[PDB]
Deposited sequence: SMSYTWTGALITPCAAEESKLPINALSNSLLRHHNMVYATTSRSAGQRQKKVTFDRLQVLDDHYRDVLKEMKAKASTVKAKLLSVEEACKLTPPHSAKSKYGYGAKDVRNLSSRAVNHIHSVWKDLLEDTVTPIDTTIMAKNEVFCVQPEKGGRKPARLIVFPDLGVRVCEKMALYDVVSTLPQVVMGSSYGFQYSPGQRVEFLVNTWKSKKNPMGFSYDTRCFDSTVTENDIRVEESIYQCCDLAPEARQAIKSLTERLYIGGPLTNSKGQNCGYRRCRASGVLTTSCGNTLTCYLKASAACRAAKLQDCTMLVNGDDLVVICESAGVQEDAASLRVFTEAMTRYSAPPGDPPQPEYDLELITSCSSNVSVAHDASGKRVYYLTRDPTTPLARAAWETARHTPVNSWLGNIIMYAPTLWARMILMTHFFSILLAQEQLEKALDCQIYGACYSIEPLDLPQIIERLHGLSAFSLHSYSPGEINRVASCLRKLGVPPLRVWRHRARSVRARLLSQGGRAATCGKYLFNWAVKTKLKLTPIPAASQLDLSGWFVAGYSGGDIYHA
């Protein structure tokens, strides 16, 4: 079966698209090599269509079925509730795409009668009709990257009314089920701090540890009808209200399995037979399916004492080594199984005998030292993409503020502390916008966050040590420095100087601003201040699922 069929109608934009990095008075202070940064547009949609369009063959053995049975047995302990309309409505982002039927996200959020009435009619229709394919819109994503150009990713989503109904039927399910079924393997349950601790403990729990990342080529496209039905059977194991059972079944037959694709101008672009990127179940479904296939593949490959870590389509396995030669052999078998299960890798997996050499979700584990000299482990990444996006956000206001999300999730890193914190606090100070709440994304969910709350947020997510880390590793330092040269970003020494200024300016404002200066920029001073404590973020993945929290 083909992942997609196309009519030839173009994937069209819904507004003006910029590909070239916007430049303002602030731009050069962050980034000089402007031509290396770009944003994807609909212009490249055709190239992506080619990539994501292919035939899927599936061969399912006893290992696959054994694992599924186990997953279902755990799922049968889950009790999920129906969300009311009002509850579902409040989970809708303020700037979520408006309905084709004469209302928008704010109307939904305000419980306007027109909005509520349509939502009730969509719900009723889901209960009564389990066969009619539900329409979806296909769009090209506008995302920023550094050169070496990627084609635009595609997003596929149904109407607002349907999206609210998805929440009613499935929000509690996709929030609770994955942790019950996958236990400690479910990655979205951890803060970054908890994650690092889990990965370290897992690595140490093996006598002779070996690990590898496994990245499936175009995962969404590899997801077949079988997989989506199997996901449903898992959901249906839950203790559910009968109305919820019917809705979930209906949503599966009519939306999740597949459906027609309509562009922004209202033309039929073709047909989908794979995972929709823009539904509530995208994250949960991918996670379950990846876990199922991977666990089965571990058994097929005879890997000993396998621990899986799965979130969305991202996968890492840590297990007991059999030796360098046997390990390499076992991974080829693992890969053969995954491919049979329809998920071949983009890049072939490589066994690793050092935790820090494993990359997943663009991140790796690294080490610094805290105030006492004690080794602290933390999560970092290549800062190329964060810096590219920060540059864009310096000249343009965007729906999602990546810089803020990056500061939050990567607060312990040298690059986030020295560059991102310094640069953006400087900007906020000059505009006196320290107290203004900004929108950002954490594990696919949208949050409204006041920058002044950063120190408190960071202490909770990472611990007090985030504000005093030093003696970063040479490998990490060199990666950052090399990236800075590549993008024409000033060197870290300059950022130190700027941070002193920003710190002093924050302290002069007093109050919460002073606390930001004290904790966030303590690294900038020679004579450090003594840092003391300050008086459902990580439940599930929601990427593409139109979820919001205040």
property	result
Deposited-sequence segments unaccounted for in the coordinates	149-153, 541-548
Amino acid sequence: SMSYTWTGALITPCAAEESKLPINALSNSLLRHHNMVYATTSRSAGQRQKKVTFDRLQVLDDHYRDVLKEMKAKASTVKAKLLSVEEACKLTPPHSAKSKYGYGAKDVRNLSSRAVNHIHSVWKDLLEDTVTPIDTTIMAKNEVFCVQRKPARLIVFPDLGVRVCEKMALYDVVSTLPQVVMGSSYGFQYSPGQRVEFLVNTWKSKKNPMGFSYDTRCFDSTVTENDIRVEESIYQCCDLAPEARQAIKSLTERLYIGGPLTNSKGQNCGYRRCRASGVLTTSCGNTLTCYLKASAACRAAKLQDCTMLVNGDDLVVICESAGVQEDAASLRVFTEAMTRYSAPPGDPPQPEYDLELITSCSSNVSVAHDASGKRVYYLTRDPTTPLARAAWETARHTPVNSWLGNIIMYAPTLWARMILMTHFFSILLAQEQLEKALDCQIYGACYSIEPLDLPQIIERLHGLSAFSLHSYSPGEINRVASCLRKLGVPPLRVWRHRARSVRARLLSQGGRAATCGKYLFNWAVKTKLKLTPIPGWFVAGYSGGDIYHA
From here on, numbers count along this sequence of modelled residues.
| item | value |
| --- | --- |
| Higher-scoring stretch by recorded Cα B factor average, 109-117 or 137-145 | 109-117 |
| Between the two ranges 69-77 and 369-377, the one averaging a larger CA B factor in the entry | 369-377 |
| Among 187, 475, 183, 270 - the residue whose C-alpha B-factor is largest in the record | 475 |
| Selection from 129, 172, 459, 232 [criterion: highest C-alpha temperature factor in the record] | 459 |
| Third assignment of residue 318 from its chain's C-alpha B-factors | middle |
| Entry-reported Cα temperature factor of residue 90, expressed as the chain third it lands in | middle |
| Residue 159 by Cα B-factor - lowest, middle or highest third of the modelled chain | lowest |
| Among modelled residues of the same chain, the CA temperature factor third for residue 168 | lowest |
| Ranked C-alpha temperature factor of residue 389 among modelled chain residues, by third | lowest |
